[PDB]
Amino acid sequence: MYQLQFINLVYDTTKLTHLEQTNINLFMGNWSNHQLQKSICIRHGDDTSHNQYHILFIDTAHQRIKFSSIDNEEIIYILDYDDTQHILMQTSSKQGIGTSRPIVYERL
């Protein structure tokens, strides 16, 4: 059994450009990392969702999104695109020393 974390991105898509939506959409889905025995489910949630996250930046040049949990802005998640079946997720704290390596997640 793996641990499954939900990430519900909260945003009004009617206010985004098509390019912005395309870039967020690269990260939607069910993802897993074998070594960590961890899965993540990244979805477009809303105000009814638990596990809500606010997008800080959508980098359409580099296919990266940054986001944080609504009330815990000390931990920034950064997702990078690898291919249709792989994304990278980094969890970072401004207050820490060093780099947490991004972790490769494969699509389920």
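All residue numbers refer to positions in the sequence shown, counting from 1.
Of the possible donor and acceptor atoms, none in the side chain of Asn51 sits under 3.5 Å from a partner among the backbone N and O of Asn8. Judged by distance alone, the side chain of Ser49 and the main-chain N or O of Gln52 form no donor-acceptor pair under 3.5 Å.
Atoms CG and CG, on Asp12 and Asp46 in that order, are 11.0 Å from each other to the nearest 0.5 Å. With values rounded to the nearest 0.5 angstrom, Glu20 atom CD is found 9.0 Å from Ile55 atom CD1. The CD1 atom of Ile78 sits 4.5 Å away from atom CD of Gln90, with the distance rounded to the nearest 0.5 Å. Taking CG from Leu88 and CZ from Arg101, the interatomic distance works out to 13.0 Å, rounded to the nearest 0.5 Å. Distance check, rounded to the nearest 0.5 Å: NZ of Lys94 to CD of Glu73 gives 10.5 Å. Expressed to the nearest 0.5 Å, how far CD1 of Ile65 lies from CD1 of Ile24 amounts to 6.5 Å.
By the 4.5 Å heavy-atom criterion applied to side chains, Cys41 and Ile7 are not counted as neighbours. When side chains are defined from C-beta on, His86 does not count as touching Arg107, because their heavy atoms never get closer than 4.5 Å. Residues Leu108 and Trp31 form no side-chain contact, since every pair of their non-hydrogen atoms from C-beta on lies 4.5 Å or further apart. With contacts defined as side-chain heavy-atom distances shorter than 4.5 Å, the pair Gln5/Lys38 qualifies. Taking 4.5 Å as the limit, every side-chain heavy atom of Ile70 sits out of range of all side-chain heavy atoms of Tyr53. Taking the side chain as every heavy atom from C-beta outward, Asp59 and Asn23 never approach each other to under 4.5 Å.
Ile75 and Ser68 make their closest contact through O-CB, 3.5 Å (heavy atoms, listed as atom of the first residue, atom of the second, distance). When every heavy atom of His44 is checked against every heavy atom of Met28, the shortest pair comes out as N-SD, 3.4 Å.
The aromatic rings of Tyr77 and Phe67 sit parallel to each other, their planes meeting at less than 30°, with 60° as the upper class boundary. Between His34 and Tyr2, the ring-plane angle classifies as perpendicular under the 30° and 60° cut-offs.
A donor atom on one side chain and an acceptor atom on the other are found under 3.5 Å apart for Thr13 and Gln21.
There is no path of hydrophobic side-chain contacts, each under 4.5 Å, that joins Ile76 to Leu79. Under a hydrophobic-cluster definition in which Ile, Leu, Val, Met, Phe, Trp and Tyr are linked whenever side-chain heavy atoms come within less than 4.5 Å, directly or via other members, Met89 and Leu26 are assigned to the same cluster. Under a hydrophobic-cluster definition in which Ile, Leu, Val, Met, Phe, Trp and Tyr are linked whenever side-chain heavy atoms come within less than 4.5 Å, directly or via other members, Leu9 and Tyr81 are assigned to the same cluster. Under the 4.5 Å side-chain heavy-atom criterion for grouping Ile, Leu, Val, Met, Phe, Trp and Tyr, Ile87 is not connected to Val104 through any hydrophobic cluster. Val10 and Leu16 are not part of a single hydrophobic cluster, where members link through side-chain heavy atoms under 4.5 Å apart.
Applying the side chain to side chain contact (heavy atoms under 4.5 Å, CB included) test to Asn33 and every residue at least two apart in sequence or in another chain returns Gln35, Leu36, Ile103, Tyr105.
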